[PDB]
Structure formats: C-alpha cells, structure tokens
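For reference, the chains in residue letters:
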Amino acid sequence: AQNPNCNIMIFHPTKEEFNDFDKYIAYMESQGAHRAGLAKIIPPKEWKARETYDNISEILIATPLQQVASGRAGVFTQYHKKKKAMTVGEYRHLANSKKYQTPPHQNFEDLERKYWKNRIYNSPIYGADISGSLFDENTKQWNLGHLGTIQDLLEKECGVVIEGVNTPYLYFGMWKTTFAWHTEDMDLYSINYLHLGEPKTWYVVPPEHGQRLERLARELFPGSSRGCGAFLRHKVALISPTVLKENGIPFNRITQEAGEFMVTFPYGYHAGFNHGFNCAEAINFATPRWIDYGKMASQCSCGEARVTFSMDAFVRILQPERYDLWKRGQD
Ligand SMILES: O=C(O)CNC(=O)C(=O)O
Ligand SMILES: [Mg+2]
Ligand code: NI
Ligand SMILES: [Zn+2]
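Residues numbered from 1 in each chain as written, not as in the entry; some residues may be left out. Chains lettered and ligands numbered in written order. Heavy atoms only, no water. Residues with missing side-chain atoms left out of burial classes, pairs and counts.

For this coordinate set, the PDB header names X-ray crystallography as the determination method and states a resolution of 1.4400 Å.

So this is what it looks like as structure tokens:
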C-alpha cells in the first residue's frame, strides 16, 4: 500500500505531465497521495497562471466577512459578521494596516504559534467565496475555470444528465483569516491555487481517520453536536494542532506559498489560516473514484449549512433516501 503513514506528498510535474489534469490526479493517487487528504503540486517553471497581478484592485468584495471567535484559544467557533462592500484595493490596504497586518515573526513555525495563541482575540476580515477567476483565458494547463465539470463527471459515470454548473471562487485573505474544519460539499475534491501574496497554512486529517475527528468535535462542541448530526458541515469549528495531538487525532500540516496548488481529496478534513494579504482561487472537482464517497457523504439537514444550487442534483441522484430531509433543511 502506497503512503501508508498518510503523509502529505509534494509533486513536481514536468510541463508534459501538466497537460492532462485527470491523468496527473490519478498518478498522484497511484503514489498514495490521497491517503493524506491533501497534496501539494508545484507547477513546472514554464507555467504561469496569468501575466501579472497589477490590474486586480477593482475587483469588488461585495460582502467581506469579519470572523468573530468564541471559546478558548485552541477550541473555538467563529461566526461571520457581514461588512460593507469594498474593492480588492481597499481590502489590501486594510490588511496591511496596523490593526490587521502580520506581526513580526521569525519563521512559519513562530507565526503558527502566534496564530494559535492569539487568534481568538482578534476578528480578521475575509473576502471569501467570490465567484470569479484570475486565470488568463490563454492558460491552458490547470486553469481552474476550465476544468471538467462535476455535472459532466456524474453524467459520464452514472448516465444521468443533471442541471447545474461548477465555477471557481476567489478568496482574499489577511493575517489570521481562518478556514474551519470541513470536508467539501458531497465529499468532493477541491483544488486551490494561491495566486499572490502571503502563505496559507493547512491542517488535514487522513480520510481513513475522518470519523476520529468527527467524534472529537462532538465532544468539544457539545451544544453544536446536539443541534446537528453533521455540524462540521456548518464550517464554524476550529481545533488546534496541540489539542488534536492531546487527543491522539492523526493529522498533518503544510504551508502553501504563492504559485503553488493544493488538492484536497474526498473526505479529507482540512482547516487553516492565512499569513497575511493574499488571493486564492478554488473549485470543487470529481473523478470516478469520488462517486463512492459522494454516495456516502453525510449531510446537514438542520438548516445551518445552506449551499449552492448545484448540490441538489448530487443529493437527488446519489442519495435519494436522504434527499427529502436534506431539501427541507435547504428551505
Ligand atoms: O482557502 C480557503 O479559505 C479555504 N479553502 C479550501 O477549503 C479549499 O480550497 O478546499
Ligand atoms: Mg480590477
Ligand atoms: Ni475546502
Ligand atoms: Zn446542521
């Protein structure tokens, strides 16, 4: 069995290997990359996502989100408070202001320490989930707006044409902006490209051990757990690496830098934080191997999760027994 310890693997495809996305995902899996839940892909040196980032300041962040924490430094939830619209150029200035800028630090490890010690005492503002792309239309390899759609994959595997579209999203971050522990909708893959700026630190639980994280989370967030049997779908809970290690939960960590891709694999729980002002693009995708995960994915039906239009068909076709309850939670 490849990668039996479930370590995060880092890949350096050549330009030739970068031409066929699906083939390279399958290659990574043949080497056991999915067992970690997360992989890094460093593009060939010949590749670029676009020519420059000099002309992005007028992009609008219609609803920046202030991420307010409740709990203790290693075990907390966050809610999102909506803020007034602002442009990327305004957000970038905000991120670099004294209130929000990255502190002095020695290295990624020192900054990690500072994040877990101090995050709860501040409320950073995140421009998340903005539909759009920063890939040049002429970038033909690993362009996250030109991947094969999940609706086409489900049709190719199962024979049923479904409605829905699959487009990318932009994330504009600042120091301490935080992504809570989650798997993807319908336990899909995700791919995330860090276009510019400061790094993103990731934590990940192997898919084979996801239920260990879920059991701990029920213990640590007992009011949330009562409310919903899949409350990690709410995407509000944070647990630090120190607390995970105290509770024997298998996990790994890695820092992504600008110009690097990360892929999250089906049922790979992940969480993390941004080091400073940055912009990432991400999108969900599927492969044949996903289908069995999709059919078994847990679902939130309490109302909290609320998701995209295009999830409906995935539940309806893959999980017909669950669909009526889930749809009620949608409405
Ligand atoms: O970058 C972010 O804030 C969160 N990203 C992801 O969870 C992802 O790409 O799957
Ligand atoms: Mg612009
Ligand atoms: Ni994710
Ligand atoms: Zn729920």
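Alright, that's what it looks like, and here's the rest.
**Quick look at the coordination of the nickel ion (ligand 3)**
Applicable threshold: Donor criterion used throughout: N, O or S atom within 2.8 Å of the metal, extended to 3.2 Å for Na, K and Ca. Water excluded; incomplete-looking sites may result. Numbering of helices and strands runs from the N terminus, with a helix taken as a DSSP run of H or I at least four residues long and a strand as a DSSP run of E at least two residues long.
The coordination sphere of the nickel ion (ligand 3) contains the protein donors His182 (NE2), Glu184 (OE) and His270 (NE2), at a distance range of 2.0 to 2.2 Å. In the primary structure, the donors to the nickel ion (ligand 3) are separated according to the pattern H-x1-E-x85-H. On the criterion of sequence distance, the pair formed by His182 in strand β9 (residues 178–182) and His270 in strand β15 (residues 269–274) is long-range, its members being 88 residues apart.

**Observations concerning the environment of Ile42**
Formally: Contact criterion: two residues are considered in contact whenever any of their non-hydrogen atoms come within 4.5 Å of each other.
With respect to the helices, strands and loops of the structure, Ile42 is situated in the loop between β2 (38–41) and β3 (60–61). When neighbours within four sequence positions are excluded, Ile42 is seen to be in contact with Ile10, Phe11, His12, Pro13 and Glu260.

**With respect to the coordination of the zinc ion (ligand 4)**
What counts, and what does not: Here a site with four donors is tetrahedral if all angles are between 85 and 135 degrees, and a site with four or six donors is square planar or octahedral if opposite donors are over 155 degrees apart and the other angles are between 65 and 115; anything else gets the irregular label.
Coordination of the zinc ion (ligand 4) by the protein comes from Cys228 (SG), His234 (NE2), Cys300 (SG) and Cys302 (SG), over a distance range of 2.1 to 2.3 Å. What the 4 donor atoms of the zinc ion (ligand 4) show is an angle range of 100 to 117 degrees at the metal, which sorts the shape as tetrahedral.

**What about unusual backbone geometry?**
The criterion, for reference: Each residue gets one of three labels from its accessible area relative to the maximum for its type: buried under 20%, exposed over 50%, partly exposed in between, using a 1.4 Å probe on protein chains only.
Despite not being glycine, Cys6 has its phi angle at roughly 65 degrees, a positive value. Turning to its location among the elements, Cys6 is positioned in the segment before β1 (9–11). Here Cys6 falls in the buried class, since its relative accessible area comes to 2%. Positive phi, close to 25 degrees, is recorded for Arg306, a residue that is not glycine. Positionally, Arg306 belongs in the loop between α8 (290–296) and α9 (311–318).

**Side note on the sheet that holds strand β13 (residues 252–256)**
Basically, it comes down to this: Being paired, for any two strands, means DSSP has found at least two bridges between them. Angles shown run from 0 to 180 degrees and are taken between the N-to-C directions of axes, each axis being a line fitted to C-alpha atoms and, for helices, limited to the stretch in contact.
Overall, antiparallel pairing links the 4 strands, which are arranged β9-β15-β11-β13 in an open sheet. Sheet topology places β9 and β13 at the edges, where each strand pairs with a single neighbour. Strand-to-strand twist across the sheet, computed as the mean angle between neighbouring axes with direction ignored, equals 15 degrees. Its contacts with the sheet place helix α3 (residues 108–118) against β9, β11 (200–205), β13 and β15, and it is angled at close to 100 degrees to β15.

**As for the packing of α9 against helix α10 (residues 320–330)**
Rules: Angular relationships are summarised with four words: roughly parallel below 35 degrees, roughly antiparallel beyond 145, roughly perpendicular across 65 to 115, and oblique for the angles in between.
Following both chains from N to C, one finds α9 and α10 inclined at 140 degrees, their axes separated by 6 Å at the closest point. In this view, α9 runs oblique relative to α10, as classed from their interaxial angle. Contacts between α9 and α10 involve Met311, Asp312, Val315, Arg316, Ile317 and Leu318 on the former and, on the latter, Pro320, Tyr323, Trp326 and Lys327.

**With respect to the UniProt feature "domain: JmjC" in the protein chain**
Going by this rule: UniProt positions are given in the numbering used here, feature names are shortened, and annotations may be inferred rather than shown by experiment.
The positions that UniProt labels "domain: JmjC" are, in the present scheme, residues 136–302. Annotation note: span residues 136–302, helix share 23%, strand share 31%, distance between end C-alpha atoms 40 Å.

**Some remarks on the nonpolar core**
Applicable threshold: We define the nonpolar core as a collection of buried residues of types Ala, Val, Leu, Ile, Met, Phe, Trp, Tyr and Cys that are connected through side-chain atoms lying within 4.5 Å of one another.
By size, the foremost hydrophobic cluster in this structure holds 39 residues, and its most contacted members are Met28, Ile41, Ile191, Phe261 and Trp290. Looking at which element gives the most residues to this core, the answer is α9, with 5 residues. With residues up to four places along the chain from it excluded, the contact list for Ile191 reads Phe21, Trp142, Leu144, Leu147, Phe261, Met262, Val263, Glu281, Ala282, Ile283 and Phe285.

**Digging into the UniProt feature "binding site: 2-oxoglutarate" in the protein chain**
Stated precisely, the cut-off is as follows: As used in this structure description, the phrase polar contact means that two N or O atoms lie within 3.5 Å; if the pair is within protein, one of them must be able to donate a hydrogen and the other to accept it, and residues adjacent in sequence are counted only when both atoms belong to side chains.
Under the local residue numbering, the UniProt record ascribes the feature "binding site: 2-oxoglutarate" to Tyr126, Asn192, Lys200 and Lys235. Positionally, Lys200 belongs in strand β11. Owing to a relative accessible area of 2%, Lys200 belongs among the buried residues under this scheme. Side-chain polar atoms of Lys200 contact the side chain of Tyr126, separated by 3.3 Å. For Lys235, the position within the fold is in the loop between α6 (222–227) and β12 (237–239). Ignoring sequence-local partners within four residues, the contact set of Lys235 consists of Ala180, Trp181 and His182.

**Concerning the site of ligand 1**
Defined as follows: A cutoff of 4 Å decides nearness: a residue is near a molecule or strand if any of its heavy atoms lies inside that distance of it. Computed by Shrake-Rupley with a 1.4 Å probe, the accessible areas treat only the displayed protein chains as cover when residues are assessed. Residue polarity follows a fixed list, in which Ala, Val, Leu, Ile, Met, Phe, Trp, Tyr, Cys and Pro are nonpolar, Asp, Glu, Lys and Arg are charged, and the others, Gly among them, are polar.
Near ligand 1 you find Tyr126, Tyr171, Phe179, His182, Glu184, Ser190, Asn192, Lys200, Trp202, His270 and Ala282, and these make up its full shell. The side chain of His270 places a nitrogen or oxygen atom 3.1 Å from an oxygen atom of ligand 1. The protein chains hide 93% of the 290 Å² of surface that ligand 1 would expose on its own. Those elements giving two or more residues to the shell around ligand 1 turn out to be β9, β10 (189–197) and β11. Within the shell around ligand 1, the residues separate by chemical class into 5 nonpolar, 4 polar and 2 charged.

**Some points on the packing of aromatic side chains**
What counts here: Two aromatic rings from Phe, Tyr or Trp, using only the six-membered ring of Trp, form a pair when their centres are within 6.5 Å; if the ring planes differ by under 30 degrees the pair is stacked, by over 60 it is edge-to-face, and anything between is tilted. Geometrically, a charge over a ring is one whose NZ (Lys) or CZ (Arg) sits within 6 Å of the ring centre while staying within 35 degrees of the ring normal.
Per the stated rule, a full pass over the model turns up 32 aromatic pairs. Where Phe21 meets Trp142, the ring centres are 4.8 Å apart and the plane angle is 70 degrees; that geometry is what we call edge-to-face. Remark: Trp142 occurs in the loop between β7 (125–131) and α4 (150–158) and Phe21 occurs in helix α1 (residues 21–30); sequence separation between them is 121 residues. Overall, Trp142 belongs to the buried group, its relative accessible area being 3%. Note on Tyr203 and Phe273: the rings are 6.5 Å apart at their centroids and 35 degrees apart in plane angle, and the pair reads as tilted. Residue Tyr203 is located in strand β11, and its partner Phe273 is located in strand β15; the two are separated by 70 residues in the primary sequence. Of the two residues, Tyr203 and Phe273, neither departs from the other in class, the shared state being buried. A cation over a ring is seen here: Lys99 above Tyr100, with NZ or CZ 5.6 Å from the ring centre.

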